[PDB]
Engineer: 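Let me begin by handing over the structure; questions about it come next.
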Amino acid sequence: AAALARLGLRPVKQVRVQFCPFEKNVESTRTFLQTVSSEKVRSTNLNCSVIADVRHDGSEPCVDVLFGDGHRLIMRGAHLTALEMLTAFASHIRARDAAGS
Amino acid sequence: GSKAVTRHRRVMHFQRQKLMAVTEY
Amino acid sequence: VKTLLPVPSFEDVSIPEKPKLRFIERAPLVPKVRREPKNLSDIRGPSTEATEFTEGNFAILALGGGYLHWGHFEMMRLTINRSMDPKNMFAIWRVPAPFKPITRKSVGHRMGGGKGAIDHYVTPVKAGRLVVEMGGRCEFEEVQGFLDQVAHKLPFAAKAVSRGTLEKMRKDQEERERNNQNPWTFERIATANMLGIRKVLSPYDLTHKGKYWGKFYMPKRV
Amino acid sequence: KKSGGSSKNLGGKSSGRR
Amino acid sequence: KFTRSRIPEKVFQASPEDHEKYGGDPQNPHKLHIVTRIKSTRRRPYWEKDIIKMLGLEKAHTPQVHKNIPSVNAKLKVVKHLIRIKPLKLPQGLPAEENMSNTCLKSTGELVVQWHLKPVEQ
Amino acid sequence: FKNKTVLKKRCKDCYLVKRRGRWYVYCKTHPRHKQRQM
Amino acid sequence: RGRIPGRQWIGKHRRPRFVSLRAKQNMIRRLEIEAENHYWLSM
RNA sequence: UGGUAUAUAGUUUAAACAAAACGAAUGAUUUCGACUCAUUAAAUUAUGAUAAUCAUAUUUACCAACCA
RNA sequence: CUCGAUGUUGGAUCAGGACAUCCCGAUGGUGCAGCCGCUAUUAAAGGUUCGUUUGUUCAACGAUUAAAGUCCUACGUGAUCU
RNA sequence: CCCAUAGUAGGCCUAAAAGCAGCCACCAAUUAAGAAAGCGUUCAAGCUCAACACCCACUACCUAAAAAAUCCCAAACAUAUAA
Ligand SMILES: [K+]
Ligand SMILES: [K+]
Ligand SMILES: [K+]
Ligand SMILES: [K+]
Ligand SMILES: [Mg+2]
Ligand SMILES: [Mg+2]
Ligand SMILES: [Mg+2]
Ligand SMILES: [Mg+2]
Ligand SMILES: [Mg+2]
Ligand SMILES: [Mg+2]
Ligand SMILES: [Mg+2]
Ligand SMILES: [Mg+2]
Ligand SMILES: [Mg+2]
Ligand SMILES: [Mg+2]
Ligand SMILES: [Mg+2]
Ligand SMILES: [Mg+2]
Ligand SMILES: [Mg+2]
Ligand SMILES: [Mg+2]
Ligand SMILES: [Mg+2]
Ligand SMILES: [Mg+2]
Ligand SMILES: [Mg+2]
Ligand SMILES: [Zn+2]
């Protein structure tokens, strides 16, 4: 949360996390949500929304990130760690922010 | 020569230096 | 559930009325007139006094022989009295005040012409002696910091210890002597004068057993 | 150059009595 | 000061694990010695130089035979760092009058009374 | 820097790093904490 | 460079001498002899 | 650079728990004053430790010195 | 060590070397805004003034300089001088 | 790594003393967090540590340097059975 708060969710428009709790491959996705849903990150951009939609359809978890520019980032967390998902998430923040300005 | 107690570590006789080397833990 | 543990209680401990270290005078009350020989064997070998704890639990251990003058006592006193808590700590001297006179000739004079005049006084110290003893409602980790700071400024090899570390230090050395796989030891050879080795040794080496060389102490020697 | 004082102790030159 | 050395008595007390290493018998002690100087008397005290003369050890690597008795042993304890002590063995026994000229002292310490100088038929 | 025989960190942002065969102390927050092994 | 003040093997500042491996073995060989001398001088 | 001395009212000067002196004020005195007497105010180079004695650096004084 | 002799101050002449760098070069820190400075790392290729009094080395003073460096060399060098 | 709400600015002293100039106490809310261990504020604010939760940082606590003057100074080598 500390590393992601220094950067800030400035370009981000919406973030959506969907996962199936009973499934045994959602630890990564639930850890990603624990930081992004922190008061440090959420404070940087109040306009930026953060949504969590729980499901029990036996489907895989995904993280969908909507940006202001219109570009989208999707990370399927079944075989991705929170750090990998967070790292990729940060890299896109830096690139999209520079493109806008 | 030098006294038995010195501010500096005094060099041993070679026979003693060998003794200390054989009698090492 | 991080497992918590009981803590020691020092409620049963008492603090004296003057916990701080008393002042040490440069010279004794009455000045001495009879000049003394160098007598260097007062810092040579192990100590036979002040090797055990009396009141406190932490101390500064001497790992070598040397002489202490007034400048050393002031450094120990100020550094300790400043860094210690008078309410929960107390300290005492385990060494007497400077009493051995040290003569010195005037600058520019040649050899001869008698003996010099008393310049200053010192306190002889042997290896294995306690210099300062501390205690009170405190652990060793608290005092160990500034006691080692003091120990590093002393003219000999010193180290802060406790009733436990000192005991462990001694038991580990006994373990080394017992499990030593070397069949040849300094004691066995010297006492039996094997190889005529007593022609390069000293009579004191029969008792020091190779652990001492002048004023220096070697703890790794068995 | 710089002169020095003398010793103030005299005597003590007796030999052993055997 | 450098002086003569007093060797403690406990030094000369064989332990049980020493008899199973050198092959001696405390009950049946050996009668004679085989002493041989293997060190120089130079750079040693004069009282060690004199003992070496009394024991007939002037020339080095020259076996001399002495009696295993306290008085002789005492002199050996003063120069025990200049010599090599070995017991005299008599596999054939004491030399007879007819064998005095057929003897030979081997390096094992044995005194053989029949020096034939011929391969063993065995 | 400042040549020191006993390196020591002076804040939480100081970090040890071995470079060019010797130990250094770097600090981005307070560049005066920089030390070089002597 | 590399001066030893004064004479090499005397005085306060001498040339350091180090114990080789055969010097150790040579001394140990002597000790084993004299240790067996103590055994035969004990009976 | 070296050591050796150094410091007290506003000044001047014995001594550190603060003494006297010039000057200041005050009365007493005189026709008014001076003198004189009495009274009053007024200080310990400043810093750290012993607890008021050693140190600490200043402070100005004081003599020292390439060499043949 | 040298007295059946190793000529000793300072200067002139020619300088060799060390770096513990006075200037010139490259860097780190600063109670470095800048201009000037303090401090530390690295660097010995090149350079490091003329005068008044004093036998002077030093020192003081005058005018300058990017700077007027610290030391060793039998207190470098008298079969080269003074 | 992670994270921090509350009786309450405890009482007294103090111009002021609010966890942190000093003296006294050092109890208590909440699953959990010192009447505060270290910075900081004129006093306050403010940043950390000890707490809970998460889950394995799942360490060492035995030593810290080096420079002179003619020109560094044998050459070299980690692996074929201790002679
Ligand atoms: K020391
Ligand atoms: K020498
Ligand atoms: K001469
Ligand atoms: K307060
Ligand atoms: Mg002597
Ligand atoms: Mg006499
Ligand atoms: Mg006589
Ligand atoms: Mg020489
Ligand atoms: Mg009238
Ligand atoms: Mg001649
Ligand atoms: Mg340099
Ligand atoms: Mg030059
Ligand atoms: Mg000359
Ligand atoms: Mg000439
Ligand atoms: Mg509270
Ligand atoms: Mg209050
Ligand atoms: Mg308070
Ligand atoms: Mg606060
Ligand atoms: Mg405060
Ligand atoms: Mg408290
Ligand atoms: Mg914490
Ligand atoms: Zn720092």
Side-chain angles (χ1 to χ4, degrees), chain A residues 1-5 27-28 30-35 37-41 81-83 86, chain B residues 25, chain C residues 1-5 7 11 18 20-27 29 63 69-71 73-82 85-88 97-98 106-108 120-121 138-142 144-145 148 152 157 159-162 165 168-169 172-173 176 218-220, chain D residues 1-2, chain F residues 1-14 16 18-38, chain G residues 1-3 5-7 20-22 24-26 28-29:
Chain A
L4 184 55
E27 177 185 346
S28 296
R30 285 188 59 186
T31 300
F32 176 98
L33 168 65
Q34 193 68 15
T35 76
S37 76
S38 179
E39 188 63 0
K40 309 178 183 177
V41 178
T81 60
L83 178 60
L86 287 173
Chain B
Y25 172 74
Chain C
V1 181
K2 174 190 318 183
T3 61
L4 299 153
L5 280 188
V7 300
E11 54 183 357
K18 298 184 178 182
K20 295 183 177 301
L21 286 172
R22 70 170 189 179
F23 176 81
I24 300 286
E25 293 190 341
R26 283 189 185 266
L29 308 179
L63 303 170
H69 52 71
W70 192 70
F73 283 94
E74 283 307 308
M75 182 283 295
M76 286 190 287
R77 192 174 68 98
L78 302 183
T79 296
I80 293 177
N81 291 348
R82 181 184 63 254
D85 186 2
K87 294 179 179 179
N88 305 268
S106 301
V107 174
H120 60 278
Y121 296 85
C138 57
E139 294 298 331
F140 178 52
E141 292 179 351
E142 314 179 17
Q144 179 180 20
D148 273 330
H152 169 88
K159 179 182 57 182
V161 290
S162 71
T165 57
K168 168 187 175 179
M169 175 194 306
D172 185 3
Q173 170 62 18
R176 284 165 58 93
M218 306 151 190
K220 281 187 177 183
Chain D
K1 295 181 178 179
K2 196 174 180 188
Chain F
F1 300 61
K2 271 287 188 167
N3 283 19
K4 294 290 184 183
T5 296
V6 177
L7 300 179
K8 178 169 52 185
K9 299 182 298 180
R10 297 177 60 183
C11 74
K12 60 173 184 181
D13 294 330
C14 295
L16 287 166
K18 204 181 170 57
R19 292 169 182 169
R20 292 170 289 277
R22 70 176 68 185
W23 281 97
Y24 285 88
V25 176
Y26 282 82
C27 185
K28 289 183 179 182
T29 308
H30 301 290
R32 69 172 67 192
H33 295 154
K34 297 173 64 179
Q35 310 160 40
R36 179 194 297 103
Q37 191 190 31
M38 187 175 189
Chain G
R1 324 183 55 253
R3 284 195 53 191
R7 218 188 150 93
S20 66
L21 178 61
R22 61 180 171 190
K24 296 192 195 190
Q25 304 169 329
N26 288 345
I28 288 170
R29 196 176 305 111

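Values below: every heavy atom of this structure, side chains too, minus hydrogens, waters and symmetry copies. Numbers restart at 1 for each chain; the letters A, B, ... are given by sequence-line order, proteins then strands.
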Engineer: Any side-chain heavy atom of C:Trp70 within less than 4.5 Å of one from C:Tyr121?
Structural biologist: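 Counting from C-beta outward, C:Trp70 and C:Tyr121 never come under 4.5 Å.
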Engineer: Considering every strand shown, what is the Watson-Crick or G-U wobble mate of H:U53 when both distances are under 3.5 Å?
Structural biologist: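 H:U53 is paired with H:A49.
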Engineer: Sugar at J:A45: north or south, per the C1'-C2'-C3'-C4' sign?
Structural biologist: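 North, since the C1'-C2'-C3'-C4' torsion of J:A45 has a positive sign.
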Engineer: How far does the P atom of J:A37 sit from the matching atom of J:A44, given to the nearest Å?
Structural biologist: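 Roughly 16 Å separates the two P atoms.
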Engineer: Could you state the interatomic distance from CD (F:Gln37) to CH2 (F:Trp23), rounded to the nearest 0.5 Å?
Structural biologist: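 Reported value, rounded in 0.5 Å steps: 9.0 Å.
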Engineer: List the atom of F:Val25, the atom of F:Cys14, and the distance in Å for their closest heavy-atom pair.
Structural biologist: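 Closest heavy-atom pair between F:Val25 and F:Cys14: CG1-CB, 4.0 Å.
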Engineer: Taking only N and O in the side chain of A:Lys40, is any of them less than 4.0 Å away from OP1 or OP2 of J:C3?
Structural biologist: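 Answer is yes, contact under 4.0 Å.
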Engineer: Where is the tightest heavy-atom contact between F:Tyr24 and F:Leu7, given as atom of each residue plus distance?
Structural biologist: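 Shortest heavy-atom separation between F:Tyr24 and F:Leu7 comes out as N-CD1, 4.1 Å.
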Engineer: If we take the P atom in both I:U41 and I:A67, what is their distance in whole Å?
Structural biologist: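 It comes out at 24 Å once rounded to the nearest Å.
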Engineer: Using a 3.5 Å limit on both pairing distances, list the dot-bracket string of RNA chain J from the 5' end; Watson-Crick and G-U wobble pairs count, crossing pairs take [ ], interstrand pairs take |.
Structural biologist: ....(.(..(((.........)))..).)....(..(((......))))..................................
Engineer: Determine the interatomic distance between P on I:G76 and the same-named atom on I:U54; round to the nearest Å.
Structural biologist: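 It comes out at 26 Å once rounded to the nearest Å.
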Engineer: Which base, if any, makes a Watson-Crick or G-U wobble pair with H:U60, both distances under 3.5 Å?
Structural biologist: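 WC or wobble partner is H:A5.
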Engineer: One character per nucleotide, please: for nucleotides 20-37 of chain J, 5' to 3', B when the base has a protein heavy atom closer than 4.0 Å, S when only the sugar-phosphate does, - otherwise.
Structural biologist: ----S-------------
Engineer: Between C:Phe73 and C:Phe23, is the ring centroid distance below 6.0 Å?
Structural biologist: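 Centroid distance C:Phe73-C:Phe23: not below 6.0 Å, so no.
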Engineer: Would you check if there is a donor-acceptor pair between the side chains of A:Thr31 and A:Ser28 at a distance under 3.5 Å?
Structural biologist: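 No, no side-chain donor-acceptor contact under 3.5 Å.
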Engineer: Read from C1'-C2'-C3'-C4', is the pucker at I:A68 north or south?
Structural biologist: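 Negative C1'-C2'-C3'-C4' torsion, south pucker.
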Engineer: Could you check F:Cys27 against F:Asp13 for side-chain contact (heavy atoms from CB on, under 4.5 Å), going step by step and ending with a plain yes or no?
Structural biologist: CA-CA 6 Å; F:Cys27 185; F:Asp13 294 330; 4.3 Å; yes
Engineer: With no angle test and no hydrogens, is the base of I:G31 tied to the side chain of F:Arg32 by a donor-acceptor pair under 3.5 Å?
Structural biologist: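 Such a pair exists between side chain and base.
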Engineer: Mapping C:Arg77 and C:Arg26 onto RNA chain H by nearest heavy atom, which one lands closer to the 5' end?
Structural biologist: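 First, find each residue's nearest nucleotide; the 5'-ward one identifies C:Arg77.
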Engineer: Can you tell me, in whole Å, how much space there is between the P of J:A53 and that of J:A33?
Structural biologist: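 That atom pair is separated by 11 Å.
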Engineer: Can you tell me if the sugar in J:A68 is north or south, using the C1'-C2'-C3'-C4' torsion?
Structural biologist: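 South pucker for J:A68.
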Engineer: Check F:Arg10 against F:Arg32 and note the closest heavy-atom contact, atom names and distance.
Structural biologist: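 Heavy-atom minimum between the residues: NH1-O, 3.8 Å.
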Engineer: Is the distance from OP1 or OP2 of J:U48 to the nearest side-chain N or O of F:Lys12 less than 4.0 Å?
Structural biologist: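 Answer is no, no contact under 4.0 Å.
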Engineer: Is the phosphate of J:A65 approached by F:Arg36 (side-chain N or O, under 4.0 Å from OP1 or OP2)?
Structural biologist: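 Result: no.
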Engineer: Across all strands, who's sitting opposite I:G34 as a Watson-Crick or G-U wobble pair, both distances under 3.5 Å?
Structural biologist: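 Its partner: none found.
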Engineer: Mapping C:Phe23 and C:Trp70 onto RNA chain H by nearest heavy atom, which one lands closer to the 5' end?
Structural biologist: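 Between the two, 5'-proximity favours C:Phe23.
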Engineer: Does the ring of J:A80 sit north or south, if a positive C1'-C2'-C3'-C4' angle means north and a negative one means south?
Structural biologist: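 South, since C1'-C2'-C3'-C4' is negative for J:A80.
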Engineer: Distance between the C1' atoms of I:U70 and I:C50, in whole angstroms?
Structural biologist: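 Their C1' atoms lie roughly 23 Å apart.
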Engineer: Is I:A15 paired to anything, Watson-Crick or G-U wobble with both distances less than 3.5 Å, and if yes, which nucleotide?
Structural biologist: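 I:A15 is paired, partner I:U73.
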Engineer: State whether C:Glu74 and C:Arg77 are salt-bridged, where the test is any N-O pair (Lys NZ or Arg NE/NH1/NH2 against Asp/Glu carboxylate O) under 4.0 Å.
Structural biologist: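 Yes, charged N to carboxylate O under 4.0 Å.
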Engineer: Considering only atom P, compute the distance from H:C22 to H:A34 and round it to an integer number of Å.
Structural biologist: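 So the two P atoms sit 16 Å from each other.
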Engineer: Start with the C-alpha distance between G:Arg29 and G:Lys24, add both sets of side-chain angles, then the distance that settles side-chain contact (heavy atoms from CB on, under 4.5 Å), and finish with yes or no.
Structural biologist: CA-CA 9 Å; G:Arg29 196 176 305 111; G:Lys24 296 192 195 190; over 6 Å; no
Engineer: Distance check, P atoms only: J:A68 and J:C73, in whole angstrom units.
Structural biologist: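 It works out to 10 Å between them.
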Engineer: Is the phosphate of I:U39, meaning OP1 or OP2, less than 4.0 Å from a side-chain N or O of F:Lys2?
Structural biologist: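 False: F:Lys2 side-chain N/O out of range (4.0 Å or more) of I:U39 OP1/OP2.
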